[PDB]
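Single-letter residue listing:
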Amino acid sequence: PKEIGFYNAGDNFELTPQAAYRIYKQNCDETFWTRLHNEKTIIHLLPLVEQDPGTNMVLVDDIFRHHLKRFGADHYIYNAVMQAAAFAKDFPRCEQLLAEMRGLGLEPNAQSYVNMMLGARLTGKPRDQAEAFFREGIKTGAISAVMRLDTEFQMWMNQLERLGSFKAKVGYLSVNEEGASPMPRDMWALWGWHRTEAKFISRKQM
Amino acid sequence: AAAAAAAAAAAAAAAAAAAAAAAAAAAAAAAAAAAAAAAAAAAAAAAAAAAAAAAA
Amino acid sequence: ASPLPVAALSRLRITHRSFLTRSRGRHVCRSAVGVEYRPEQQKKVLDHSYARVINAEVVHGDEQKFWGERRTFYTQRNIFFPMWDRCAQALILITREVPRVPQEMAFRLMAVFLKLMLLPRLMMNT
Amino acid sequence: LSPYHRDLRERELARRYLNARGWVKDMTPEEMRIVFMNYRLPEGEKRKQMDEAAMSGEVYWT
Amino acid sequence: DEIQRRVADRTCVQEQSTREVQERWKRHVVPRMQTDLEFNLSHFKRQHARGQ
Amino acid sequence: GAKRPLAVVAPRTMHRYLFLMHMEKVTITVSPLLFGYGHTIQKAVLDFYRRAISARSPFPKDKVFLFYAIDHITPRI
Amino acid sequence: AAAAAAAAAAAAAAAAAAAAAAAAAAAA
Amino acid sequence: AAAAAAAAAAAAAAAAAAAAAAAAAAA
Amino acid sequence: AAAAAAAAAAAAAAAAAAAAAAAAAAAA
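Residues numbered from 1 in each chain as written, not as in the entry; some residues may be left out. Chains lettered and ligands numbered in written order. Part of a larger assembly, values for the part shown. Heavy atoms only, no water. Residues with missing side-chain atoms left out of burial classes, pairs and counts.

As stated in the entry header, the method of structure determination is cryo-EM and the reported resolution is 3.39 Å.

Under the PDB entry, the name given to chain D is Ribosomal protein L11, putative, and the source organism is Trypanosoma brucei brucei.

Under the PDB entry, chain B has the name bL12m and belongs to Trypanosoma brucei brucei.

A few points about the interface of chain F and chain C
Counting residues at the interface gives 24 residues for chain F, matched by 33 residues for chain C. Across the interface of chain F and chain C, roughly 2700 Å² is buried in total on both sides, 64% from carbon and sulfur atoms. Between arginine 11 of chain C and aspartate 71 of chain F there is a salt bridge, with the nearest N and O atoms lying 2.5 Å from each other. Here chain F and chain C share twelve residue pairs in polar contact between them. Of the residues forming the side of chain F that touches chain C, the biggest block, six residues, is contributed by helix α1 (residues 41-53) of chain F. Looking at side-chain class alone, the side of chain F that touches chain C contains 13 nonpolar, five polar and six charged residues. With three bridges joining them, strand β3 (residues 53-55) of chain C and strand β3 (residues 64-69) of chain F adopt antiparallel strand pairing. (Contact = heavy atoms within 4.5 Å. Buried area = accessible area lost by both parts, 1.4 Å probe. Salt bridge = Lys/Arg side-chain N within 4 Å of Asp/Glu carboxyl O. Polar contact = N/O pair within 3.5 Å; in protein donor to acceptor, adjacent residues only side chain to side chain. Helix = DSSP H or I, 4+ residues; strand = E, 2+ residues; numbered from the N terminus. Nonpolar A, V, L, I, M, F, W, Y, C, P; charged D, E, K, R; others polar. Pairing = 2+ DSSP bridges.)

Description of the environment of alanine 48 of chain B
As for its placement among the helices and strands, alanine 48 of chain B is situated in helix α2 (residues 40-55). For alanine 48 of chain B, a relative accessible area of 39% corresponds to the partly exposed category. (Buried < 20%, exposed > 50% of the residue type's maximum accessible area, 1.4 Å probe, protein only.)

Looking at the sheet that holds strand β2 (residues 26-37) of chain C
Sheet strands pair by backbone hydrogen bonding; their relative direction is either parallel or antiparallel. Here we have three strands laid out as an open sheet, ordered β3(A)-β1(C)-β2(C), and mixed in their pairing. This sheet does not close on itself; its edge strands, each paired only once, are β3 (106-107) of chain A together with β2 of chain C.

Some words on the sheet that holds β3 of chain F
Pairing is mixed across the open sheet formed by three strands, whose spatial order is β3(C)-β3(F)-β1(F). The open sheet has two edge strands, β3 of chain C together with β1 (26-30) of chain F, and neither has a second partner. Shown here is a sheet whose adjacent strand axes are inclined to one another by a mean of 30°, direction ignored. Of the pairings in the sheet, the one linking β1 of chain F to β3 of chain F comprises five bridges and is parallel in character. Residue pairing for β3 of chain F: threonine 29 of chain F is matched across the bridge by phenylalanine 67 of chain F. Its contacts with the sheet place α1 of chain F against β1 and β3 of chain F, and it is angled at close to 145° to β1 of chain F. (Axes fitted to C-alpha atoms, helices over the stretch in contact; angles between N-to-C directions.)

Laid out in structure tokens, this is it:
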């Protein structure tokens, strides 16, 4: 049913948020539940994070605490929740979280610096606060950038301006229309060249 | 939560970190036992340790 | 809650680098997680200037023979020695017993006399 | 029966786990140690391994 | 579960052995193990330096 | 240090052997404390070493360095 | 007190100094 | 005289330290 | 520990010296 998920305009099966959170709350402690499933769940919650940060950051924190007590710490989880905090426009939360990374012995990932840049951007804060994140990240040996710093920072920001948020007036994420289908309207659809390379394959194949 | 690519743990897969006794957790523990126990038992321990030293 | 021991933070690091890799045309996102020396200690390693990390050949001479040992005992199959016994002999030879000198034992025997002789000295200092 | 692998607790349930499925069942464990041994291994060290005494001595010290 | 079970039937029989070797290590070696390993390595390094 | 910009297209073959190309040192750091049975990354890295020092390897065998580390290192090359 | 003595006899000079320092810092 | 020595051998490091501190404070 | 210190605090200098001599003779 539509609540649970559906095959959207690209014939892709996207799982509904608030559907995904319930799947989490059933599967929190399951044996098969791996640490990637947690960060995937958190990734599913992001539009809810933007459009109401007050009541959805509590969910993110539930997943956060539960993860941190099921596994001592992980890189995935910190990337995920600093991304969430980036979309929720809590910036000092991002610095706080990063300090928690470094204090924890965790080496902040390339993605963590991209999340720093995102949070630095859409929280309405000036360039040279993002620039600093990029330069520090590249000194750290996280980002490997082949071009000079200026033009490549231009590249990153030009990608993020295309990617403007779920609440914004211009961006990819700001586009809300979804072809709603229970079933993909072409079942022999192709990700490849040949029919061997078809998009939809059996579950015991997957 | 339908898609996951490849899981990775903090340690290597199928490889156990073998135990080793560190500096403080041994030394300071020995000092704590020697402190809280007695000076008589400490004297006996000093006697056995000196016996091991003369043996060494 | 720190994954590394409190002692190891000032030395060690957890490096997570996640890469898209192609397999049979698809793309799987695979990550390398590892525990690793910090770059100061790393260029201490590459300089051959670092303790707490020992060169292999000083443990047992000429690893070109040791890891390249092909089994010769009553057999024409020249398969290498397994992994587990090589790792085993390695970590055994690492962990052997050093001949602790009686000099250090004497320093420690002097150190055992700290409290009693200090109280005896403090009682006579008035 | 070497110090490390001589454990009756992990041995007896191993034997009965084998004997659940109809694996060799007419066995005293000490004749298991005779029937199963390296056969191209020579006589001396194989009686050494059969003997609890001679192998009782090999122990990791420290 | 069928995923992790098939991956397990591929690679997992070995950690069964690894755990028992590990607990052997923490029972028979560790309590009599050396406390300062850096002094050990320093010793080996200086002895190899001396040609000994 | 780059005076002229970098390339855009890469050559593709299969490298069967390590040969010393533009490298001056190869450091293989393994902590033996970390222990595992059966196929593991430890086995892979040390097989990298085994191939590096084997008879048919074009790599000069004086510059392959192996290090035993004390505290729990995910073996790196 | 036997195992304590066995472990204490194996300590290095830096280790013995650290032990004496921790003992004298903890008490007196 | 022997009783005080015997009682001193039954003291902890904290006990002998506190006794030393008290002896330094008093005399 | 407190009783021993209280007993030692009431002793004279000669008594303390004698106690020190006894401790040097017995325990050393």
